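Enquirer: Let me start by giving you these chains from the complex, positioned as in the assembled structure:
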Amino acid sequence: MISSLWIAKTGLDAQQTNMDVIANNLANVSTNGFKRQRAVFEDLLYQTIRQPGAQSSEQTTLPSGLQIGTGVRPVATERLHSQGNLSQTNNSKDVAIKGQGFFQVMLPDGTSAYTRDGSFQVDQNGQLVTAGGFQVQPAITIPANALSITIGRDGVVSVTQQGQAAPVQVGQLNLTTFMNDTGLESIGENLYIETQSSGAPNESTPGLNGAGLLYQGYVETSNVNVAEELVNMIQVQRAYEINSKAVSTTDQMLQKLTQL
Amino acid sequence: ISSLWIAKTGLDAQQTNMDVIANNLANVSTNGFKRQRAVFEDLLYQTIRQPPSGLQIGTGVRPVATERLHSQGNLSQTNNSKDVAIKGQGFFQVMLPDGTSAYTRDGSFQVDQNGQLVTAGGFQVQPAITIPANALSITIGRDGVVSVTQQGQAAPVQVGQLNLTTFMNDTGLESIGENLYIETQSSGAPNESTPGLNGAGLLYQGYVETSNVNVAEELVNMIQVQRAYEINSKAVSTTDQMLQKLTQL
Amino acid sequence: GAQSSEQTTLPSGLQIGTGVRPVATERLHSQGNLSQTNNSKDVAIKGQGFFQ
Amino acid sequence: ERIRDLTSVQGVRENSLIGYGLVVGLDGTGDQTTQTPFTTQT
Amino acid sequence: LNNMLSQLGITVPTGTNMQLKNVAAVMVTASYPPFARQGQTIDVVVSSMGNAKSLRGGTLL
């Protein structure tokens, strides 16, 4: 139609994507272990009219040739995998992570997902499931006679049997480190799954091989900056404002041309 | 007829100006984008010969160039240990998939599955900087020496040097999209230097340089462009009606 | 700097400036005040030093 | 067919030799010493 | 690779990155022919063992 209108349309779409990401970050406060997202944008084609080299005379060079360019295609959304703020929940089933790592989980399909959330539970058979009945790995079975549970900061889980005066070691809850936290594909349910961008999982006991430490009785809050997101809404709104004003200008020029 | 074509060249020039303005306003909030400005130029001149020794009628206008303003954009804080912005002149060098090299003033860096530092689209930065598999913290000093911190080892192992490249002509570079420039014969060969020496800029870690687009400038420019478009259309309509009255007889 | 004429110099050039980057969060290691918890297991430190 | 083309002598035999070395020059494109510790050590 | 280097005379420290991509662990299979002589040679088949992408112009050592 008009080469201005396509460019302005791409700008509007980019700002709308920006607002989408902002709203997803912003509504996902109070979601344990959530990681902030941020959108990275990227200019589209540059349609060359005069080549920047392409000497004019036998001696001159025509610096900085003419090329117009279009578009603001959003190239990616990276996820900032920084440590969240621990807060004392004082619940024995809740465990936070200090440092790198992800709890492995086996999905009902059998494929492995990875969640950085510790709001764990014990189901009717006693397993450690995670807020939706997703079994953690490797399987940890609480005996029916157990009265108290503790997760050692190194990752050892041991329960207090009835009658017995010893917190017997029932399992070892190990973390998984990825070379690329950012490349994980989120599938919702606070889960991430492997993709060849993240790299192969490296499963280790907590602490060893760069894994973090397990803090029982703590929960890892989302690392969402509220003030940053508020000003980000202001900025994205006024950018959308401006892009719509550009569309208005192109519309008005074009309708004057029709009236011509 | 004559006035019709010269006014059409005017319309085309104003449309090119609006295209540039739209691309500027749209790439706001793109890290490291350099705003573009269109420089116009008038076309050849017809010389009516007088039997001063003549007069010139002139014909239209022509967009002769677009310069990019290679100033320093405002920094924005991102809390990301990989993002890097540049204080002053210089470009990051990246290696295109085919094997040649482009240059980007955009520091939203990531690490791929093998630990290589890539740029939001997968192009390998140069020189090859590969993070160790068990990294805790990545630091990039102002001098470009990127290092990591391992587990318990209380000493940063130097893992790379993130050089910059400076050009004799910043504006001569042609952009190939995806926030990438490639050297042209108008730009001269790249001068590969460490940050902070020999004219290149410093590096700020955890900050990304924003676009140097001034939106107030662009809104006033759009006012000018729309009014100029309407004015040239008025001239076109005038010539059209004159041709009415000419052919009526 | 940036002399305009041959003789003028333009003191105090125009530069805008940005940002309030927090360079550090320094942690002050001063001595705390000791109080009798009267528990056998709780030992305090007086002066420099840390427990390994 | 010649005897040499389809037969080998008992005493005549080849052996395999292996060694480690370094290559200089290369106009860049060399090993990443960060990921190749043995190169820097050698 | 570390074992080979140590045998050749280079002892890489145990704690190191060692992230190389120009080598691939392979299994070599051969058919010992009847009446095989000491000095004779046979053909071998080399197959990638780990996650190597290709063995286009590799050298078996």
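Expert: Noted; the coordinates are in hand. Numbering: from 1, shown residues only, chains lettered A, B, ... in the order given.

Enquirer: What residues does residue D:8 make contact with?
Expert: Residue D:8 makes contact with E:37, E:39-40, according to Cβ atoms under 8 Å, 6 or more residues apart in numbering or on different chains. (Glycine included, C-beta is placed from N, CA and C.)

Enquirer: sorry, that was for residue A:9
Expert: Residues in contact with residue A:9 (Cβ under 8 Å, 6+ apart) are residue A:247.

Enquirer: at 10 Å what do you get?
Expert: For residue A:9, the contacting residues are A:1, A:70-72, A:243, A:246-247, A:250, B:22, B:26, by Cβ atoms under 10 Å, 6 or more residues apart in numbering or on different chains.

Enquirer: Quickly find the element holding it.
Expert: In this assignment (DSSP states H and E), residue A:9 forms part of helix A:3-27.

Enquirer: coming back round to it: can you flag the buried ones in the contacts of residue A:9?
Expert: A:70-72, A:243, A:246-247, A:250, B:22, B:26 (16 or more other Cβ atoms under 10 Å in any protein chain shown).

Enquirer: Out of these, which two sit at the greatest distance?
Expert: Spatially, the most separated pair among these is A:72 and A:250, at 15.8 Å (Cβ to Cβ).

Enquirer: can you redo the contacts of residue A:9 as JSON lines with secondary structure and distance to residue E:5?
Expert: Below are the contacts of residue A:9 laid out as JSON lines (DSSP: H, G, I helix; E, B strand; the rest coil; distance: Cβ to Cβ, whole Å):
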{"residue": "A:1", "secondary structure": "coil", "distance to residue E:5": "66"}
{"residue": "A:70", "secondary structure": "coil", "distance to residue E:5": "54"}
{"residue": "A:71", "secondary structure": "coil", "distance to residue E:5": "52"}
{"residue": "A:72", "secondary structure": "coil", "distance to residue E:5": "51"}
{"residue": "A:243", "secondary structure": "helix", "distance to residue E:5": "60"}
{"residue": "A:246", "secondary structure": "helix", "distance to residue E:5": "63"}
{"residue": "A:247", "secondary structure": "helix", "distance to residue E:5": "65"}
{"residue": "A:250", "secondary structure": "helix", "distance to residue E:5": "66"}
{"residue": "B:22", "secondary structure": "helix", "distance to residue E:5": "60"}
{"residue": "B:26", "secondary structure": "helix", "distance to residue E:5": "55"}
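
Enquirer: okay, chain F goes in next:
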Amino acid sequence: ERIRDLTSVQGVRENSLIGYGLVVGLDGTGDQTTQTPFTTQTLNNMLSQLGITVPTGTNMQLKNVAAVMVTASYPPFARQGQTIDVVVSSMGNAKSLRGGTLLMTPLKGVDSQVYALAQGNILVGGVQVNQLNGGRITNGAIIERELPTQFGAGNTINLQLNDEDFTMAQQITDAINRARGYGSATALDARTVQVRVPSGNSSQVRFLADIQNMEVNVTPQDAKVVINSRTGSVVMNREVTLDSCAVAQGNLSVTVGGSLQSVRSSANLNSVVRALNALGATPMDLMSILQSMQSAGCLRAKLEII
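Expert: Okay, here's chain F dropped in alongside the others:
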């Protein structure tokens, strides 16, 4: 074929010399001293030797010098005053050595002894770009030490044959015996020919000069095929013969009527080439075809991957 072209003398032998040095100039493009600590340390050592002691704690961020390795070929019977060519290769991260100068680098043998001194100007080539991190200096190295030799002592000299062959050794021995007196030469193995020469350096030199230029016919060596697989090259000896067989390869078919093209028996290289060309295929397909053919027989030659 001349004896010199296919044989080497026992006493005549080359040696390898290696050394470390610095290249100055370069119009920048030198080593990044931050990432190349040895360059700055060696420069400081040279300055201290010359009489300048730079403080240990200093910036020393230079870009007009590059740490290099210089390699030379110590020739046989090297004399003290003679000069040899050297090859200089960048060691650190130097961008180029276009117009650099190598400064007084000692070239040592495998025994850690200084055998030459190399100094001069590097010459490097000015889409196939030339290697700008590697140059050559002609007559850039002057010898310093002379290797003792047994030449001129004893009465037997061993001629060593490249690409040993019993027929080649027999031919060389027969030619030497025919040219010289009876019993002048005797083959010791497929690669060594012992020649009796009179005692004395001059007499041995005269005998070797006479022997080297002798004309000896080269008998058929062997049916050998060489496949690079890295440069996409296939070479066949003149002695290669092809046995009748049928070959089927992907996307290859009879011109005409389909796959499974027939390969006629070929006794000479011309026939082999014509048959293989009729079995139309690019060199990459030809390599696989040759491997499979040799595996199945039908190829009276040995194929080696280089």
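
Enquirer: The contacts of residue A:9 with chain F there, same question as before?
Expert: Under the criterion of Cβ under 10 Å, 6+ apart, the neighbours of residue A:9 are A:1, A:70-72, A:243, A:246-247, A:250, B:22, B:26.

Enquirer: contacting residues for whatever residue of chain A ends up closest to chain B?
Expert: The nearest approach of chain A to chain B comes at residue A:11, 2.9 Å away (Cβ to the nearest Cβ). Taking Cβ under 10 Å, 6+ apart as the contact definition, residue A:11 lies against A:41, A:70-72, A:239-240, A:242-244, A:246-247, B:22-29.

Enquirer: Mind doing that once more with 6 Å?
Expert: Going by Cβ atoms under 6 Å, 6 or more residues apart in numbering or on different chains, residue A:11 touches A:72, A:243, B:26.

Enquirer: Likewise for residue A:179?
Expert: Here residue A:179 is in contact with A:199, B:115, B:133 (Cβ under 6 Å, 6+ apart).

Enquirer: Isn't the first one up against residue A:180?
Expert: Read that as residue A:199. Yes: at 5.4 Å, residue A:199 counts as touching residue A:180 under the criterion of Cβ atoms under 6 Å.

Enquirer: Which residue is the nearest non-sequential neighbour of residue D:27?
Expert: Nearest non-adjacent residue to residue D:27, counting by Cβ to Cβ, 6 or more residues apart in numbering or on different chains: residue F:133, 4.6 Å away.

Enquirer: How many residues are close by the one you found?
Expert: Number of residues near residue F:133 (other Cβ atoms under 10 Å in any protein chain shown) recorded here: 26.

Enquirer: isn't it right up against residue D:25?
Expert: Yes: using Cβ under 6 Å, residue F:133 is in contact with residue D:25, at 4.4 Å.

Enquirer: Kindly incorporate the sequence below as chain G:
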Amino acid sequence: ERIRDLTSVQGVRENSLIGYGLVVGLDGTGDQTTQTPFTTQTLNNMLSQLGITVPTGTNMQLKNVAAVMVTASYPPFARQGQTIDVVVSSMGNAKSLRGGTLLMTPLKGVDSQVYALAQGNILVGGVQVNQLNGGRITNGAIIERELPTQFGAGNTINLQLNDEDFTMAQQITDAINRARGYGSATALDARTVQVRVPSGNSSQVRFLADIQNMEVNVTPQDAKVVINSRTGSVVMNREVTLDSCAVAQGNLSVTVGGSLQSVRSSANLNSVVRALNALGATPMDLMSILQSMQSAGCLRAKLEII
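Expert: Chain G, in position alongside the others:
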């Protein structure tokens, strides 16, 4: 060929001299003293020697000087008053040495002894840009020390042959004996010819002058091929011969009908060149073709990578 063109005398020998110096002027483009501490330190040393003592704590940020290394070739029989040419190369980060001046740098040998004094004006060349960090000074160095020599003593002089060869040594000895009296020369090895000369410097000089200009024919040296692989150069000796073979290389095919081009046997260089040209290929492909051919035989010469 003249004896001087292919032989060197035992007593005549060159030496290498190196030294450190400073270049003044340059219209800027000098070393960055901040990153080149040795430049400022050497300038301060020179000023103190001249009689000016700059305080240790000072800025001293100059850009009209550059620290340089000066290299010279101490010629044989160097006299005290003679002058030699020197090469000056930038040491630090100097941009250029276009019109600089080298100031009184002492040129020393490997023994740390001052053998010359170099001072003068640098000359540098004014898309193939010239090297602006390296220049030459003609007659810029004046000798100071003279190396003792044994010339004129004894009765034997050793002529050393470049690219030693038994045939070459025999030819040189025969020519010397024919020109002079019987038994005047005797070959000691493939590279050394001992010539008997009368005692006395004048007599030895006359004998050497007579011998040097003698005409000696050059016999066929060897079938040698040189491949650069860095400058994209291939050179073949006149003695190279090609054996019949078939070669297949990527993208190369018969003109006409496909790959596997035939190479006819060629006995002379002209035939070899014609056959290789018929096997059409660029020099880069020719290098690989030659490597594979030599590996498979069919190439009666030795190929070396330079």
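
Enquirer: and the contacts of residue A:11, now that chain G is part of it?
Expert: A:72, A:243, B:26.

Enquirer: Identify the bridge partners of the closest residue to chain D within the stretch 1-150 of chain A.
Expert: Of all residues in the stretch 1-150 of chain A, residue A:100 sits closest to chain D, at 19.8 Å by Cβ to the nearest Cβ. Legend: beta-bridge partners of residue A:100 under DSSP bridges are residue A:211.

Enquirer: so how far is chain C from it?
Expert: Distance, residue A:100 to chain C, using Cβ to the nearest Cβ, to the nearest Å: 22 Å.

Enquirer: Geometric centre of the chain: which residue is closest?
Expert: No chain in the question, so chain A it is. Nearest to the geometric centre of chain A sits residue A:79, at 3.9 Å (Cα atoms, centre = their mean).

Enquirer: not what I meant, chain D
Expert: residue D:18 (5.6 Å).

Enquirer: so what's the closest residue to residue A:72 other than its chain neighbours up against?
Expert: Nearest residue to residue A:72, sequence neighbours excluded (Cβ to Cβ, 6+ apart): residue A:14, at 4.1 Å. By Cβ under 6 Å, 6+ apart, the residues touching residue A:14 are A:41, A:72, A:74.

Enquirer: can you check residue A:55 too?
Expert: Applying Cβ under 6 Å, 6+ apart, we find residue A:55 in contact with residue A:61.

Enquirer: try residue A:157
Expert: With Cβ under 6 Å, 6+ apart, residue A:157 has these contacts: A:140, A:151, A:170-171, A:173.
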